[PDB]
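Before any questions on how it binds or moves, here is one chain, the form deposited in one PDB entry, in structure tokens.
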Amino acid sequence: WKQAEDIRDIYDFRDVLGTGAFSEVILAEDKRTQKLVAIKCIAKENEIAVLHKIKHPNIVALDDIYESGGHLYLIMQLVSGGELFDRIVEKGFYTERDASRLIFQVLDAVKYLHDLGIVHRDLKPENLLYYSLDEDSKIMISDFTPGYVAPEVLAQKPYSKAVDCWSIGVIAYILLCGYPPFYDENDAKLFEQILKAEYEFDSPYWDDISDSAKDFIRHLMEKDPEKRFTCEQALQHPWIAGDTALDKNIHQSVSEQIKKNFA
């Protein structure tokens, strides 16, 4: 937790890697070591001690913090593989089993955070980055929305780590069909959809998806936080731990739905 006079004495700021709600992420070179990093530039408009304890293969490591008069600079492990949806769209062949492998990694990382007492609360397909352009690259959670936001939260009821399990279910849903489980033109009706947790595995998009996958999703996307699968429980579900995920090429439809619905 140092301070920088000119942050630029220490980092060479090159290109914007991406942009958040009210912060940008920048590719930089550590001038001291020549190591490439990703720097999160947060305007100034106890948890950082915890953020350094986070060390997991599927979580973007925070490597340092420096502060200037105007901003906070979070020096992050650089990830070079691009966003999750982009790879899926650009990918030639895509299966339920690829979806399951990604979900496994997210569950693994999320449970590890829950054991540190960290609740993500903003798990989104955007937060999910490939580690390299390697075809076999692992995925990683970058961060430390309607749709993705669990019913409890939107009901302004008491919420636990179970909120993150909801988000994971929403992501799994999108990963298998390319569109969000909740959508309406009127925000009011959308929120009511989310609050009632009423969604469908609607045909034709879901015809070729396994029942085990549907079972898996039903259990994460469960309105009652006390009924909802936890990370540990989702990990041991057959679709994740066994051999139920199918091998059919679902790329075309999912890819087209993603283009219709995101970026």
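Position 1 is the first residue in the sequence shown; the rest follow in order. Shifts are known only where both forms have a C-alpha. Take the two forms, find the largest set of C-alpha atoms that superpose within 1.5 Å, and that set is the rigid core.
Another form exists, deposited in another entry; not displayed. Remarks below refer to it.
> When the rigid core of both forms is overlaid, which of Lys196, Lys55, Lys227, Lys31 is the one whose C-alpha moves 2 angstroms or more between this form and the one not shown?
Replying inline: The only residue crossing the 2 Å threshold is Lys31.
After the core is overlaid between this form and the one not shown, has the C-alpha of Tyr94 moved by 2 angstroms or more? The answer is no, as the C-alpha of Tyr94 shifts between this form and the one not shown by less than 2 Å after core alignment.
Is there a C-alpha shift of 2 Å or more at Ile258 between this form and the one not shown once the rigid core is superposed? No.
**OP:** Note yes or no: does the Cα of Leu72 move by 2 Å or more between this form and the one not shown after the core is superposed?
**Re:** After core superposition, the displacement of the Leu72 C-alpha between this form and the one not shown reaches the 2 Å mark, so yes.
Practice problem: Based on a C-alpha change of 3 angstroms or more, tell me if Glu256 and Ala21 lie closer or farther in that other deposited form than in the shown form. | Solution: Farther, not closer.
- Just say closer or farther for the C-alpha distance from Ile258 to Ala21 in that other deposited form, relative to the shown form; it changes by 3 Å or more. Compared with the shown chain, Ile258-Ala21 is farther in that other deposited form.
ask   = After a core superposition, which runs of 3 or more consecutive residues shift by at least 2 Å in C-alpha position between this form and the one not shown?
value = Residues 1-44, 46-48, 65-76, 78-80 form the runs that move by 2 Å or more between this form and the one not shown.
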